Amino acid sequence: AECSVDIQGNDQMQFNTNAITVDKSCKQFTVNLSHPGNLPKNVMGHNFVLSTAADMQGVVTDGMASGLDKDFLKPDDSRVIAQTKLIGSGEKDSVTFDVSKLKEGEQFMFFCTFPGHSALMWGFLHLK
């Protein structure tokens, strides 16, 4: 839809998009994450995590240290605007968030917090 995006994270440690623009008419925005491939969550799990660009590093840093069972995310992290679960191949997860949490002119980034993945698995999101 206009107010959602389907995104894939694959066994090549890559998202199939690196830029998302959100229409100002959207009250909510939904991201549907899926995982083509064959590798399980413990070696190639992906999540979709959204924060301001400013916060990306801190979110990734705390997440990796939080470990696998916590989906590589710090619990109750207020820097995170939206997050999916960490998924393995063949699994899928969605998240919806309020577009009011986005700001005009500000850059947000989405990324995977599985250790190292953010080297390639990142993109920008901003209001259209």
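Note that residue numbering begins at 1 and tracks the sequence as displayed.
Note on 11-19 vs 113-121: mean CA B-factor is higher in 11-19. In this entry, 32-40 shows the higher mean Cα temperature factor of the pair 32-40 and 67-75. Among the modelled residues of its chain, residue 90 has a C-alpha B-factor that falls in the highest third according to the deposited record. Among the modelled residues of the chain, residue 59 sits in the lowest third by CA temperature factor in this PDB entry. Placement of the Cα temperature factor of residue 50 within the chain: lowest third of the modelled residues, per the deposited record.
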